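Novice: Just one file: model.cif, with mmCIF, C-alpha atoms.
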data_coords
#
loop_
_atom_site.group_PDB
_atom_site.id
_atom_site.type_symbol
_atom_site.label_atom_id
_atom_site.label_comp_id
_atom_site.auth_asym_id
_atom_site.auth_seq_id
_atom_site.Cartn_x
_atom_site.Cartn_y
_atom_site.Cartn_z
ATOM 1 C CA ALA A 143 49.031 61.201 -47.816
ATOM 2 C CA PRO A 144 48.130 58.083 -49.886
ATOM 3 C CA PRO A 145 47.249 54.803 -48.043
ATOM 4 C CA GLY A 146 49.954 52.135 -48.372
ATOM 5 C CA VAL A 147 50.590 48.441 -47.802
ATOM 6 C CA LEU A 148 53.213 47.607 -45.181
ATOM 7 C CA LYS A 149 55.164 44.342 -45.121
ATOM 8 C CA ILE A 150 55.302 43.356 -41.442
ATOM 9 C CA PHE A 151 57.813 40.469 -40.991
ATOM 10 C CA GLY A 152 57.480 37.961 -38.078
ATOM 11 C CA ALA A 153 60.473 37.092 -35.833
ATOM 12 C CA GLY A 154 59.838 34.120 -33.471
ATOM 13 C CA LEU A 155 56.427 34.458 -35.218
ATOM 14 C CA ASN A 160 57.834 35.471 -44.386
ATOM 15 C CA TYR A 161 55.649 38.601 -44.013
ATOM 16 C CA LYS A 162 52.089 39.815 -43.579
ATOM 17 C CA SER A 163 50.947 42.666 -45.827
ATOM 18 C CA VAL A 164 48.795 45.300 -44.064
ATOM 19 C CA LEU A 165 46.833 48.294 -45.353
ATOM 20 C CA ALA A 166 48.000 51.337 -43.410
ATOM 21 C CA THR A 167 46.568 54.847 -43.678
ATOM 22 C CA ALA A 168 48.374 58.009 -42.414
ATOM 23 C CA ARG A 169 46.206 57.892 -39.254
ATOM 24 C CA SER A 170 46.992 54.217 -38.450
ATOM 25 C CA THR A 171 48.773 53.918 -35.109
ATOM 26 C CA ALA A 172 51.589 51.409 -34.590
ATOM 27 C CA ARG A 173 49.580 49.640 -31.846
ATOM 28 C CA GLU A 174 46.617 49.201 -34.270
ATOM 29 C CA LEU A 175 48.967 47.579 -36.820
ATOM 30 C CA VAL A 176 50.449 45.375 -34.086
ATOM 31 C CA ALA A 177 46.931 44.067 -33.265
ATOM 32 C CA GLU A 178 46.219 43.511 -36.983
ATOM 33 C CA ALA A 179 49.548 41.725 -37.655
ATOM 34 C CA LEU A 180 48.951 39.589 -34.546
ATOM 35 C CA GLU A 181 45.596 38.140 -35.638
ATOM 36 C CA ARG A 182 47.076 37.732 -39.176
ATOM 37 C CA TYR A 183 49.539 35.278 -37.529
ATOM 38 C CA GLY A 184 46.598 33.880 -35.488
ATOM 39 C CA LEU A 185 46.724 35.112 -31.889
ATOM 40 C CA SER A 196 43.629 41.921 -27.401
ATOM 41 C CA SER A 197 45.738 40.616 -24.439
ATOM 42 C CA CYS A 198 49.157 40.120 -26.024
ATOM 43 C CA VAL A 199 49.212 43.422 -27.999
ATOM 44 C CA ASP A 200 51.339 45.022 -25.274
ATOM 45 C CA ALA A 201 53.608 41.962 -25.188
ATOM 46 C CA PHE A 202 54.668 42.557 -28.807
ATOM 47 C CA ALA A 203 56.235 45.536 -30.621
ATOM 48 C CA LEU A 204 56.458 46.959 -34.169
ATOM 49 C CA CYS A 205 60.051 47.727 -35.153
ATOM 50 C CA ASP A 206 61.772 49.811 -37.778
ATOM 51 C CA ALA A 207 64.694 47.399 -38.452
ATOM 52 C CA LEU A 208 67.917 47.895 -40.476
ATOM 53 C CA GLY A 209 70.595 45.522 -41.877
ATOM 54 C CA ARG A 210 72.333 44.372 -45.083
ATOM 55 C CA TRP A 221 68.591 38.280 -43.175
ATOM 56 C CA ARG A 222 69.846 39.597 -39.815
ATOM 57 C CA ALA A 223 68.893 43.016 -38.388
ATOM 58 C CA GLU A 224 71.971 45.022 -37.299
ATOM 59 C CA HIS A 225 69.982 47.732 -35.482
ATOM 60 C CA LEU A 226 66.326 48.467 -34.711
ATOM 61 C CA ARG A 227 63.894 50.983 -33.209
ATOM 62 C CA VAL A 228 60.717 50.063 -31.317
ATOM 63 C CA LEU A 229 57.865 52.252 -32.572
ATOM 64 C CA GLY A 230 55.727 54.081 -30.019
ATOM 65 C CA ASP A 231 52.120 52.896 -29.557
ATOM 66 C CA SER A 232 50.616 55.963 -31.245
ATOM 67 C CA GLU A 233 53.365 56.515 -33.873
ATOM 68 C CA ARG A 234 52.116 56.339 -37.473
ATOM 69 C CA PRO A 235 54.069 53.601 -39.339
ATOM 70 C CA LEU A 236 53.113 54.798 -42.836
ATOM 71 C CA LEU A 237 54.892 58.118 -42.158
ATOM 72 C CA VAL A 238 57.885 56.344 -40.543
ATOM 73 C CA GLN A 239 58.071 54.186 -43.696
ATOM 74 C CA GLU A 240 57.831 57.178 -46.034
ATOM 75 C CA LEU A 241 59.384 60.302 -44.465
ATOM 76 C CA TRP A 242 62.598 58.466 -43.560
ATOM 77 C CA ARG A 243 64.803 56.234 -45.687
ATOM 78 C CA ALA A 244 67.621 53.904 -44.592
ATOM 79 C CA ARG A 245 71.167 55.227 -45.123
ATOM 80 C CA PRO A 246 72.714 54.195 -48.492
ATOM 81 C CA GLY A 247 73.591 50.480 -48.663
ATOM 82 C CA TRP A 248 71.221 49.422 -45.844
ATOM 83 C CA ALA A 249 68.122 47.234 -45.961
ATOM 84 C CA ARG A 250 65.084 48.311 -43.963
ATOM 85 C CA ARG A 251 61.863 46.555 -42.902
ATOM 86 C CA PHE A 252 59.080 46.529 -40.304
ATOM 87 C CA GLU A 253 59.236 43.639 -37.829
ATOM 88 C CA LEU A 254 56.899 42.097 -35.286
ATOM 89 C CA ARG A 255 58.900 41.124 -32.206
ATOM 90 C CA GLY A 256 58.569 40.330 -28.523
ATOM 91 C CA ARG A 257 58.744 43.633 -26.662
ATOM 92 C CA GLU A 258 61.482 42.744 -24.121
ATOM 93 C CA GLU A 259 63.589 41.105 -26.870
ATOM 94 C CA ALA A 260 63.285 44.187 -29.097
ATOM 95 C CA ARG A 261 63.901 46.775 -26.325
ATOM 96 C CA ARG A 262 67.045 44.720 -25.574
ATOM 97 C CA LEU A 263 68.285 44.676 -29.206
ATOM 98 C CA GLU A 264 68.021 48.486 -29.175
ATOM 99 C CA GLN A 265 71.257 48.403 -27.075
ATOM 100 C CA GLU A 266 73.276 45.909 -29.199
ATOM 101 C CA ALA A 267 75.447 48.594 -30.932
ATOM 102 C CA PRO B 144 82.798 56.726 -34.378
ATOM 103 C CA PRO B 145 81.799 59.869 -32.396
ATOM 104 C CA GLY B 146 80.191 62.849 -34.122
ATOM 105 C CA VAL B 147 79.107 66.444 -33.663
ATOM 106 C CA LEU B 148 75.337 66.941 -33.731
ATOM 107 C CA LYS B 149 73.621 70.303 -34.160
ATOM 108 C CA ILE B 150 70.874 70.646 -31.506
ATOM 109 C CA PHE B 151 68.562 73.515 -32.539
ATOM 110 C CA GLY B 152 66.369 75.220 -29.904
ATOM 111 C CA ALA B 153 62.655 75.770 -30.682
ATOM 112 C CA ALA B 159 68.250 79.544 -36.928
ATOM 113 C CA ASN B 160 70.888 79.208 -34.122
ATOM 114 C CA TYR B 161 71.923 76.040 -32.235
ATOM 115 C CA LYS B 162 74.412 74.392 -29.859
ATOM 116 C CA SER B 163 76.913 71.758 -31.107
ATOM 117 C CA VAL B 164 77.271 68.596 -28.970
ATOM 118 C CA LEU B 165 79.618 65.612 -29.367
ATOM 119 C CA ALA B 166 77.679 62.326 -29.465
ATOM 120 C CA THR B 167 79.283 58.961 -28.983
ATOM 121 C CA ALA B 168 77.667 55.700 -30.229
ATOM 122 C CA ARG B 169 76.828 54.955 -26.554
ATOM 123 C CA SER B 170 75.322 58.391 -25.700
ATOM 124 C CA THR B 171 71.606 58.474 -24.947
ATOM 125 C CA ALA B 172 69.007 61.094 -25.877
ATOM 126 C CA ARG B 173 68.415 62.153 -22.259
ATOM 127 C CA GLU B 174 72.151 62.765 -21.756
ATOM 128 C CA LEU B 175 72.228 64.974 -24.863
ATOM 129 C CA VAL B 176 69.159 66.927 -23.657
ATOM 130 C CA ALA B 177 71.025 67.469 -20.358
ATOM 131 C CA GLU B 178 74.225 68.652 -22.097
ATOM 132 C CA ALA B 179 72.459 70.862 -24.637
ATOM 133 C CA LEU B 180 70.483 72.422 -21.756
ATOM 134 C CA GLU B 181 73.746 73.361 -19.987
ATOM 135 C CA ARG B 182 75.099 74.783 -23.260
ATOM 136 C CA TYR B 183 71.881 76.801 -23.450
ATOM 137 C CA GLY B 184 72.611 78.287 -20.001
ATOM 138 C CA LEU B 185 69.948 76.677 -17.789
ATOM 139 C CA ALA B 186 70.628 76.506 -14.015
ATOM 140 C CA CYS B 198 63.707 69.842 -15.422
ATOM 141 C CA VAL B 199 65.632 67.823 -18.034
ATOM 142 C CA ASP B 200 62.404 65.730 -18.067
ATOM 143 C CA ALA B 201 60.399 68.765 -19.219
ATOM 144 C CA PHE B 202 62.335 68.794 -22.526
ATOM 145 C CA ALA B 203 62.608 66.450 -25.505
ATOM 146 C CA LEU B 204 65.134 65.823 -28.284
ATOM 147 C CA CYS B 205 63.367 65.697 -31.702
ATOM 148 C CA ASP B 206 64.204 64.330 -35.144
ATOM 149 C CA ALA B 207 62.398 66.955 -37.210
ATOM 150 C CA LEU B 208 61.533 67.056 -40.897
ATOM 151 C CA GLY B 209 60.855 70.032 -43.169
ATOM 152 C CA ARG B 210 61.573 71.137 -46.748
ATOM 153 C CA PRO B 211 64.912 72.691 -47.891
ATOM 154 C CA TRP B 221 62.502 77.002 -41.156
ATOM 155 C CA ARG B 222 59.338 75.340 -39.724
ATOM 156 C CA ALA B 223 58.951 71.570 -39.181
ATOM 157 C CA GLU B 224 56.257 69.567 -41.005
ATOM 158 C CA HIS B 225 56.751 66.336 -39.023
ATOM 159 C CA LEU B 226 58.739 65.476 -35.895
ATOM 160 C CA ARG B 227 59.482 62.435 -33.747
ATOM 161 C CA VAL B 228 60.331 62.806 -30.017
ATOM 162 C CA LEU B 229 63.297 60.507 -29.248
ATOM 163 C CA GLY B 230 63.069 58.057 -26.334
ATOM 164 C CA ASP B 231 65.377 58.800 -23.368
ATOM 165 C CA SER B 232 67.411 55.635 -23.978
ATOM 166 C CA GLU B 233 67.714 56.183 -27.785
ATOM 167 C CA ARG B 234 71.092 56.864 -29.326
ATOM 168 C CA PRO B 235 70.936 60.110 -31.382
ATOM 169 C CA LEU B 236 74.226 59.500 -33.215
ATOM 170 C CA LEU B 237 72.738 56.279 -34.667
ATOM 171 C CA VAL B 238 69.373 57.958 -35.383
ATOM 172 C CA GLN B 239 71.190 60.585 -37.459
ATOM 173 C CA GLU B 240 73.617 58.272 -39.251
ATOM 174 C CA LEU B 241 71.591 55.082 -39.969
ATOM 175 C CA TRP B 242 68.553 56.958 -41.321
ATOM 176 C CA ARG B 243 68.046 59.727 -43.905
ATOM 177 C CA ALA B 244 65.209 62.121 -44.694
ATOM 178 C CA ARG B 245 62.975 61.208 -47.665
ATOM 179 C CA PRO B 246 64.723 62.570 -50.829
ATOM 180 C CA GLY B 247 63.809 66.257 -51.142
ATOM 181 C CA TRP B 248 63.096 66.777 -47.427
ATOM 182 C CA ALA B 249 65.330 68.437 -44.784
ATOM 183 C CA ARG B 250 66.279 67.138 -41.343
ATOM 184 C CA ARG B 251 67.569 68.413 -37.989
ATOM 185 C CA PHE B 252 67.509 67.815 -34.248
ATOM 186 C CA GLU B 253 65.264 70.229 -32.334
ATOM 187 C CA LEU B 254 65.099 70.880 -28.576
ATOM 188 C CA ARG B 255 61.530 71.375 -27.339
ATOM 189 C CA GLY B 256 59.313 71.231 -24.278
ATOM 190 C CA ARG B 257 58.044 67.696 -23.772
ATOM 191 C CA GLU B 258 54.279 68.485 -23.311
ATOM 192 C CA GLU B 259 54.304 70.702 -26.426
ATOM 193 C CA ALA B 260 56.440 68.354 -28.598
ATOM 194 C CA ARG B 261 54.418 65.213 -27.695
ATOM 195 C CA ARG B 262 51.329 67.199 -28.772
ATOM 196 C CA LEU B 263 53.150 68.486 -31.894
ATOM 197 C CA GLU B 264 53.729 64.931 -33.248
ATOM 198 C CA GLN B 265 50.053 64.454 -34.278
ATOM 199 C CA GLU B 266 49.559 67.688 -36.290
ATOM 200 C CA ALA B 267 51.067 66.402 -39.588
#
What is this file in structure tokens?
Specialist:
Amino acid sequence: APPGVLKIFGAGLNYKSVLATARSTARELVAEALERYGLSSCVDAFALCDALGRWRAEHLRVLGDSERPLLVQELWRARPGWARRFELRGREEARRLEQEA
Amino acid sequence: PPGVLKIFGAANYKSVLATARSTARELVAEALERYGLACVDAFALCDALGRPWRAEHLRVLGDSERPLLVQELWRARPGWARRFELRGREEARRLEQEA
């Protein structure tokens, strides 16, 4: 329910804070994080990622365009002894890293 | 390390063995066979969340996603309950928003 701030970290861009409400889509937060790094066209070229590790990410998931990142942040936790953070990444790079086991 | 996942159909369920390499589409396919179907595209594997039933929030997994990792590397928010559901795509994609 309550609006939250999300720390969106840049990789190949340190984080940008973003106000996200429970009706904020991932694609909307991508656009916002993009201009907050100083960049419409290249929204689809980038991707928001739920990333996990122990800083190097050991696994990640590319969020769907109309997924709601606040709820992803809140309704799921990382398994015990794992770090977790949202990341702004090139789409092809991120979709690739989804396979690196 | 491979694991047995409970794929509920929406009480009762079918157990499938997931390897670290196994994709969501492959597990839809296998769970469909185990459900007795003679089309795989019309269904979706879902990470669903409720409380200790009916599901308050769900996420449709992508075809290429690896359910064993989804289940093991993430937890439900403390207090909530979690399971994999098998649903019709068109209905489950619609069901995501009502939360």
Novice: Within 6 Å of chain B, which residues of chain A are there when counting only C-alpha atoms? Please give them as a VMD selection string.
Specialist: chain A and resid 241 to 245
Novice: Rank nothing, just name the residue among B:207, B:177, B:201, B:236 nearest to residue B:147, using only C-alpha atoms.
Specialist: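 Among the listed residues, B:236 lies closest to residue B:147.
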Novice: In Å to one decimal, how far is atom CA of residue B:148 from atom CA of residue A:267?
Specialist: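 For atom CA of residue A:267 relative to atom CA of residue B:148, the distance reads 18.6 Å.
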Novice: Using all atoms of stretch 248-252 of chain A listed in the file and a margin of 5 Å per side, can you give the axis-aligned box centre and edge lengths in Å to one decimal, as JSON?
Specialist:
{"center_x": 65.2, "center_y": 48.0, "center_z": -43.1, "size_x": 22.1, "size_y": 12.9, "size_z": 15.7}
Novice: Would you compute the distance between atom CA of residue B:161 and atom CA of residue B:211? Give it in Å to one decimal.
Specialist: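 Computed distance, atom CA of residue B:161 to atom CA of residue B:211, equals 17.5 Å.
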Novice: Between B:202, B:235, B:259, B:266, which residue has the minimum interatomic distance to residue B:166, considering all atoms listed in the file?
Specialist: B:235
Novice: Pick out the closest residue to residue A:235 from this set: A:210, A:257, A:251, A:262. Count only C-alpha atoms.
Specialist: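 Using only C-alpha atoms, residue A:235 sits closest to A:251.
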Novice: What does the distance from atom CA of residue B:257 to atom CA of residue B:170 come to in Å, to one decimal?
Specialist: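 Computing the Euclidean distance for atom CA of residue B:257 and atom CA of residue B:170 yields 19.7 Å.
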Novice: Run the PyMOL selection byres ((chain A and resi 148-169) around 10) mentally over the shown coordinates, then write out the matched residues as a PDB file with C-alpha atoms, in the frame of the given file, using the chain letters and numbers from the document.
Specialist:
ATOM      1  CA  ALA A 143      49.031  61.201 -47.816  1.00  0.00           C
ATOM      2  CA  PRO A 144      48.130  58.083 -49.886  1.00  0.00           C
ATOM      3  CA  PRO A 145      47.249  54.803 -48.043  1.00  0.00           C
ATOM      4  CA  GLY A 146      49.954  52.135 -48.372  1.00  0.00           C
ATOM      5  CA  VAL A 147      50.590  48.441 -47.802  1.00  0.00           C
ATOM      6  CA  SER A 170      46.992  54.217 -38.450  1.00  0.00           C
ATOM      7  CA  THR A 171      48.773  53.918 -35.109  1.00  0.00           C
ATOM      8  CA  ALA A 172      51.589  51.409 -34.590  1.00  0.00           C
ATOM      9  CA  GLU A 174      46.617  49.201 -34.270  1.00  0.00           C
ATOM     10  CA  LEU A 175      48.967  47.579 -36.820  1.00  0.00           C
ATOM     11  CA  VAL A 176      50.449  45.375 -34.086  1.00  0.00           C
ATOM     12  CA  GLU A 178      46.219  43.511 -36.983  1.00  0.00           C
ATOM     13  CA  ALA A 179      49.548  41.725 -37.655  1.00  0.00           C
ATOM     14  CA  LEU A 180      48.951  39.589 -34.546  1.00  0.00           C
ATOM     15  CA  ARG A 182      47.076  37.732 -39.176  1.00  0.00           C
ATOM     16  CA  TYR A 183      49.539  35.278 -37.529  1.00  0.00           C
ATOM     17  CA  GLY A 184      46.598  33.880 -35.488  1.00  0.00           C
ATOM     18  CA  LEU A 204      56.458  46.959 -34.169  1.00  0.00           C
ATOM     19  CA  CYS A 205      60.051  47.727 -35.153  1.00  0.00           C
ATOM     20  CA  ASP A 206      61.772  49.811 -37.778  1.00  0.00           C
ATOM     21  CA  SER A 232      50.616  55.963 -31.245  1.00  0.00           C
ATOM     22  CA  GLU A 233      53.365  56.515 -33.873  1.00  0.00           C
ATOM     23  CA  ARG A 234      52.116  56.339 -37.473  1.00  0.00           C
ATOM     24  CA  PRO A 235      54.069  53.601 -39.339  1.00  0.00           C
ATOM     25  CA  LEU A 236      53.113  54.798 -42.836  1.00  0.00           C
ATOM     26  CA  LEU A 237      54.892  58.118 -42.158  1.00  0.00           C
ATOM     27  CA  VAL A 238      57.885  56.344 -40.543  1.00  0.00           C
ATOM     28  CA  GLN A 239      58.071  54.186 -43.696  1.00  0.00           C
ATOM     29  CA  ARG A 251      61.863  46.555 -42.902  1.00  0.00           C
ATOM     30  CA  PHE A 252      59.080  46.529 -40.304  1.00  0.00           C
ATOM     31  CA  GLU A 253      59.236  43.639 -37.829  1.00  0.00           C
ATOM     32  CA  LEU A 254      56.899  42.097 -35.286  1.00  0.00           C
ATOM     33  CA  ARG A 255      58.900  41.124 -32.206  1.00  0.00           C
ATOM     34  CA  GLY A 256      58.569  40.330 -28.523  1.00  0.00           C
TER      35      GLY A 256
ATOM     36  CA  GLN B 265      50.053  64.454 -34.278  1.00  0.00           C
ATOM     37  CA  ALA B 267      51.067  66.402 -39.588  1.00  0.00           C
TER      38      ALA B 267
END
Novice: Can you list, as a count of residues only, the residues that the PyMOL selection byres ((chain B and resi 145) around 6) selects here?
Specialist: 4
Novice: Considering all atoms listed in the file, state which residue in the set A:261, A:197, A:177, A:250 is at the smallest distance from residue A:224.
Specialist: A:250
Novice: Can you work out which one of B:206, B:261, B:224, B:150 has the shortest atom-to-atom distance to residue B:182, counting only C-alpha atoms?
Specialist: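 Using only C-alpha atoms, the shortest distance to residue B:182 belongs to B:150.
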Novice: Rank B:210, B:226, B:184, B:263 by their smallest atom-to-atom distance to residue B:249, using all atoms listed in the file, and report the top residue only.
Specialist: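 Of all the options, B:210 lies closest to residue B:249.
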Novice: Expand the PyMOL selection byres ((chain B and resi 153) around 8) into the explicit residue set it covers here, and present it as an NGL selection string.
Specialist: :B and (151-152 or 253-255)
